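Have a look at the structure below, then the notes.
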Amino acid sequence: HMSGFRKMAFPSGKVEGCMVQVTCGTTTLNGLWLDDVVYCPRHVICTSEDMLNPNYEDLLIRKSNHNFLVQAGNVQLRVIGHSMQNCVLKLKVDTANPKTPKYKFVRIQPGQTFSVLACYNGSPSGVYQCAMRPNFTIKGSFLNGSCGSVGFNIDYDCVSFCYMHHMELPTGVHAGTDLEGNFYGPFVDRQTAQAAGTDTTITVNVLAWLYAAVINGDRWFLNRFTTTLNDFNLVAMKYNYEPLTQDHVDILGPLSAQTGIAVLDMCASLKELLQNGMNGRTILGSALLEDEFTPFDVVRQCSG
Amino acid sequence: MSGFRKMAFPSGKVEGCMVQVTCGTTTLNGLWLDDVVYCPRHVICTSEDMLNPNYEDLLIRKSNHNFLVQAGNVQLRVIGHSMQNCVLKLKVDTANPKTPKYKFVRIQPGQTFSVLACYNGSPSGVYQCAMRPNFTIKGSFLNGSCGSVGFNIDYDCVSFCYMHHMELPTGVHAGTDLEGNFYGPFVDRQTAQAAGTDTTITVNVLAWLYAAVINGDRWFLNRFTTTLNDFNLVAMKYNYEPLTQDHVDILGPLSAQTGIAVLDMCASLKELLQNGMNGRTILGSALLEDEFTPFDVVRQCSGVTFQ
Ligand code: NA
């Protein structure tokens with residue numbers, strides 16, 4: 001009986017071919033090389049003493065094309081143009097990337113998942129699955145030198161880039177932009193005091209994962225009880241869960257159909273787990289309720 | 001303080017080796033290195049003869065024309081075929097232009113590797129897992145995943161250590177090295193087989209507690225130490241592997257980095273086993289995690305890259 005539901009990232013090859021190193025002064029981070037453009041975080045032009053309140057327009061007054069070193073592997077790419085767009089730079093290079101995949105830039109919404117290719121000095125180190133949290137942070141694994149690492153989904157042969165890495169907040173969660181250079185959430189690329197909102201739990205994702213658990217033979221948490229959307233939402237609020245909407249109930253329809261467990265019966269199971277805990281039991285090898293699988297992730301992994 | 005994730009190796013070097021192999025109606029995955037495609041030998045089985053297939057006898061009735069190899073949109077001509085233990089080696093007419101630097105390695109229990117899960121010769125996802133002490137792995141494999149490979153990367157070289165063959169009734173997975181030899185006592189027939197005792201990889205749990213301290217989770221640290229002797233008496237009671245001097249030696253670099261003695265961390269683990277977490281979490285788990293090696297921790301916390 002299948003019971004191996006795991007956190008799974010997209011194969012990283014199509015993205016690996018796009019990673020380069022960008023150096024400005026003594027600051028080295030990663031860039032994304034698509035066609036003849038390299039995208040990177042605009043704070044590549046910052047200096048150590050001016051991180052608190054950089055004036056990016058003022059900082060660009062003293063920057064020429066030759067102040068940007070771009071290296072694809074060990075191949076020097078000549079910068080022939082540079083512009084600032086939102087919180088990214090666009091470096092025009094003399095050579096189009098021959099490994100440019102079919103790609104799109106997409107904006108994700110809270111609750112949606114994506115793969116991160118963590119890189120250092122334009123070289124891939126590892127790949128893992130993230131979700132955009134309700135507070136617009138991600139729980140990544142990023143060190144000094146990881147800025148410019150990207151998050152993506154792969155759909156058919158199309159790479160949808162959704163994330164570029166910029167910063168680490170004091171609770172060790174991560175903030176960044178889409179590939180248009182607009183921050184997720186309220187964050188700014190300066191070292192002024194910023195805090196992640198209270199983390200809340202992605203309720204529609206927890207319910208998808210309880211459906212995964214049923215498909216994978218974990219049934220111990222199923223009960224006779226039904227609830228209402230209103231009464232469930234009173235419990236969600238108390239346990240710092242996101243509201244469950246009728247739109248979420250519609251999104252969970254296919255999983256309720258596949259398992260024959262009504263969405264509001266699975267809500268009754270979740271209510272009983274929040275109120276009573278797990279009584280030293282596990283679900284899909286966790287002692288915690290997992291919220292970083294979407295309904296779409298469960299369907300894809302459980303049936304391909 | 002900072003984050004620490006189950007991280008897979010980048011998969012690009014492997015994706016360029018995955019092909020589709022069909023024998024009769026059976027389609028699974030193969031590994032295309034130079035002019036050889038490696039796949040599970042049970043590609044030659046029929047549905048009604050899975051209990052005790054005679055592989056030698058099935059295979060003499062096979063010709064090159066019975067093996068259809070496809071790399072993307074491109075049919076490869078099979079020009080030779082041999083059996084090596086539980087894998088076929090299909091000599092093809094075209095050497096794989098995307099063949100990386102590689103070795104075949106057989107990993108030890110407690111060691112970790114990345115799985116590139118593939119279906120119809122197309123890579124679908126990547127995740128990290130460990131060789132369990134019972135020589136199973138806790139993978140995520142559906143119908144069609146057979147021939148998917150596990151690997152590590154060092155510098156620019158891919159070390160292939162696993163090829164997927166089967167799912168046991170508890171939903172754990174069994175397979176071979178790339179010499180075609182199973183990990184553990186498993187055999188590629190549908191005769192009753194069961195995984196042995198699932199024991200916790202103690203040295204890995206200690207590595208993960210060092211990872212937690214590096215990433216600012218300190219609550220489980222106590223001013224206590226234990227002897228190895230006294231720790232292992234407690235380990236036995238909770239189906240933990242005994243901790244050996246070799247394990248203590250491998251944990252030495254994390255002990256030095258954190259300045260927390262290995263036997264101090266053992267005292268923290270003994271308390272966690274005896275008392276639980278009392279509603280706290282370590283690196284966002286409410287369980288003790290055993291699928292990070294000491295090397296995995298250093299690699300992640302020091303940002304080691306590949307090409
Ligand atoms: Na001792």
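Letters A, B, ... mirror the listed sequences (proteins, then strands); counts begin at 1.
The line from OG1 of B/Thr305 to CE of A/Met19 is 11.5 Å long, rounded to the nearest 0.5 Å. If you take OG on B/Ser140 and CG on A/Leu284, they are separated by 10.0 Å, rounding to the nearest 0.5 Å. One distance of note links NZ of B/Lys13 with CD of A/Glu16; it measures 7.0 Å at 0.5 Å rounding.
Contacts of A/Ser146 with chain B are absent, with no heavy-atom separation under 4.5 Å from either backbone or side chain. Of the atoms belonging to A/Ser303, it is backbone heavy atoms, and not side-chain ones, that fall under 4.5 Å from chain B. Of the atoms belonging to B/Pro10, heavy atoms from both backbone and side chain fall under 4.5 Å from chain A. With a 4.5 Å cut-off on non-hydrogen atoms, B/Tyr119 does not touch chain A at all. Looking at B/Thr170, only its backbone comes within 4.5 Å of chain A, counting heavy atoms on both sides.
Residue A/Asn74 qualifies as open at atom CG: its count of foreign heavy atoms under 6.0 Å is 12 or below. Other residues, nucleotides and ligands contribute only 12 or fewer heavy atoms inside 6.0 Å of the CZ atom of A/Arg219. Atom CG of A/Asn276 sits in a crowded spot, with more than 12 heavy atoms from other residues, nucleotides or ligands closer than 6.0 Å.
Proximity to chain A at a heavy-atom threshold of 4.5 Å picks out B/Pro123, B/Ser124, B/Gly125, B/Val126, B/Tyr127, B/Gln128, B/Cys129 from residues 122-129 of chain B, in numerical order.
Applying the salt bridge (charged side-chain N to carboxylate O under 4.0 Å, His left out) rule to A/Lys139 yields the partners A/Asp199; only residues at least two apart in sequence or on another chain are considered.
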Audit row: B/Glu167, A/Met2, side-chain contact (heavy atoms from CB on, under 4.5 Å) steps and yes/no: CA-CA 8 Å; B/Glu167 182 171 281; A/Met2 87 169 275; 4.0 Å; yes
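Taking a cutoff of 4.0 Å between a charged side-chain nitrogen and a carboxylate oxygen, A/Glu292 and B/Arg5 qualify as a salt bridge.
When the candidates A/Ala9, A/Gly13, A/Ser3, A/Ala287 are compared by the number of heavy-atom contacts under 4.5 Å with chain B, A/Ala9 comes out ahead.
Counting only heavy atoms from C-beta outward, the side chains of B/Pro169 and A/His1 never approach each other to under 4.5 Å.
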